[PDB]
Amino acid sequence: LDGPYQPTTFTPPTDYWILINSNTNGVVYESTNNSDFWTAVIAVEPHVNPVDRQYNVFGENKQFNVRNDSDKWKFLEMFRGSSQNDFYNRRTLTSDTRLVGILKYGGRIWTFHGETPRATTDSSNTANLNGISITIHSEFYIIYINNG
Ligand SMILES: CC(=O)N[C@H]1[C@H](O[C@@H]2[C@@H](O)[C@H](O)O[C@H](CO)[C@@H]2O)O[C@H](CO)[C@@H](O[C@@H]2O[C@@H](C)[C@@H](O)[C@@H](O)[C@@H]2O)[C@@H]1O[C@@H]1O[C@H](CO)[C@H](O)[C@H](O)[C@H]1O[C@@H]1O[C@@H](C)[C@@H](O)[C@@H](O)[C@@H]1O
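Residues numbered from 1 in each chain as written, not as in the entry; some residues may be left out. Heavy atoms only, no water.

Determination of this PDB entry was carried out by X-ray crystallography to a resolution of 2.6800 Å, according to the record.

As structure tokens, then:
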């Protein structure tokens, strides 16, 4: 509906889906409150063998082992709950549409995971929702995931 907006960093308001039109094979967005919430979504092109790729995430070079044996894009959610904790692949969205969504609502971050056209929403808790800001690397909309 509203957009597209160009890649930027901002603090999302609550109750609005951010829909990111992923158009490359790297970091799609980085989201943190710098206390209890770090999420980076990495885009993996169809049909790649296991590779150890370097990403610049929150000003640190991180190596992630990624793979994709499918015809679809893989959007890996990498999560850590503190600056000291290791990132881990918390969720994966497997998508032909290349749309990634995030919502702030009810003290939670909501995203889509699983495989289009039956991707479902899931929640992450935070003690500081209001402090979560996001750097979006692709054009985005503010309000589909499964359908385009
Ligand atoms: C159940 C469920 O939802 N399982 C999905 C899993 O984590 C759950 C999350 O809700 C939460 O983060 O953690 C919980 C643990 O306390 C739950 O286990 O998340 C993974 C990662 O996204 C899902 O797997 C991904 O999606 C599937 C489709 C596949 O592409 C995986 O390779 C990919 O990692 C996981 O979904 C289940 O995965 C298994 C096989 O490993 C089956 O495919 C299963 O069909 C699939 O469940 C289906 O997709 C879910 C996203 C959801 O729509 C569920 O209702 C549906 O049955």
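Still to come is the rest of the account.
Caption draft 1: Quick peek at the site of the ligand. Near the ligand you find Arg91, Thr92, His113, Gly114, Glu115, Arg118, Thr120 and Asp122, and these make up its full shell. Take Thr120: an N or O atom from its side chain is 2.6 Å from an oxygen atom of the ligand. Contact distances for the ligand include 3.0 Å between an oxygen atom and a side-chain N or O atom of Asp122. Contact with the protein chains removes 33% of the 900 Å² of surface that the ligand exposes when unbound. Where the shell around the ligand is concerned, the elements lending two or more residues are β9 (88-95), β11 (108-115) and β12 (120-125). The element best represented in the shell around the ligand is β11, accounting for 3 residues. Residue classes in the shell around the ligand are distributed as no nonpolar, 4 polar and 4 charged. (Near = heavy atom within 4 Å. Polar contact = N/O pair within 3.5 Å; in protein donor to acceptor, adjacent residues only side chain to side chain. Areas by Shrake-Rupley, 256 points an atom, 1.4 Å probe, with all protein chains shown as cover. Helix = DSSP H or I, 4+ residues; strand = E, 2+ residues; numbered from the N terminus. Nonpolar A, V, L, I, M, F, W, Y, C, P; charged D, E, K, R; others polar.)

Caption draft 2: Region of the structure containing the pattern of salt bridges. This structure, assessed with the given rule, holds 7 salt bridges. For the salt bridge of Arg53 with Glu45, the shortest nitrogen-to-oxygen distance reads 2.8 Å. Assessed through its relative accessible area of 18%, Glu45 is described here as buried. Among the ionic contacts, a cluster of salt bridges with common partners joins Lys72, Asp96 and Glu115. (Salt bridge = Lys/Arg side-chain N within 4 Å of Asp/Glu carboxyl O. Buried < 20%, exposed > 50% of the residue type's maximum accessible area, 1.4 Å probe, protein only.)

Caption draft 3: Summary view of the side chain of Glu30. Structurally, the position occupied by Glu30 is in strand β4 (residues 27-32). Comment: no salt bridge for buried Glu30; closest opposite-charge side chain is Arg80, at 9.3 Å. A polar atom in the side chain of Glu30 sits 2.8 Å from the backbone nitrogen of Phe58. Side-chain polar atoms of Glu30 contact the side chain of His137, separated by 2.8 Å. (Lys, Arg positive; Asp, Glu negative; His and termini not counted.)

Caption draft 4: Here's a closer look at the packing of aromatic side chains. With the rule as written, the count across this model stands at 9 aromatic pairs. Note on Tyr5 and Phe140: the rings are 5.5 Å apart at their centroids and 20 degrees apart in plane angle, and the pair reads as stacked. Placement of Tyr5 in strand β1 (residues 2-5) and of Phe140 in strand β14 (residues 140-142) is noted, with a sequence separation of 135 residues between them. The class of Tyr5 is partly exposed, set by a relative accessible area of 36%. (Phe/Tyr/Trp six-rings, centres within 6.5 Å; stacked < 30°, edge-to-face > 60°.)

Caption draft 5: Representation of the pairing of strand β10 (residues 99-105) within the structure. Counting buried residues in β10 gives 6 out of 7 residues, a clear majority hidden from the surface. Adjacent in sequence and paired antiparallel, β10 and β11 are bridged by 2 residues, among which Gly106 carries a positive phi angle near 55 degrees. (Pairing = 2+ DSSP bridges.)

Caption draft 6: The nonpolar core, seen in detail. Among the nonpolar cores identified, the biggest contains 25 residues, and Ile20, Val28, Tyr29, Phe75, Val100 and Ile136 are the most heavily contacted of them. For this core, the secondary structure elements donating two or more residues are β3 (18-21), β4, β5 (38-44), β8 (73-80), β10, β11, β13 (133-136) and β14. Among residues more than four places away in sequence, those in contact with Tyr29 are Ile20, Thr39, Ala40, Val41, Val100, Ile102, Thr111, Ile134, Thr135, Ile136 and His137. Counting residues in hydrophobic clusters, the runner-up holds 13 residues, among them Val44, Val48, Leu76 and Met78. (Core = buried A, V, L, I, M, F, W, Y, C linked by side-chain atoms within 4.5 Å. Contact = heavy atoms within 4.5 Å.)

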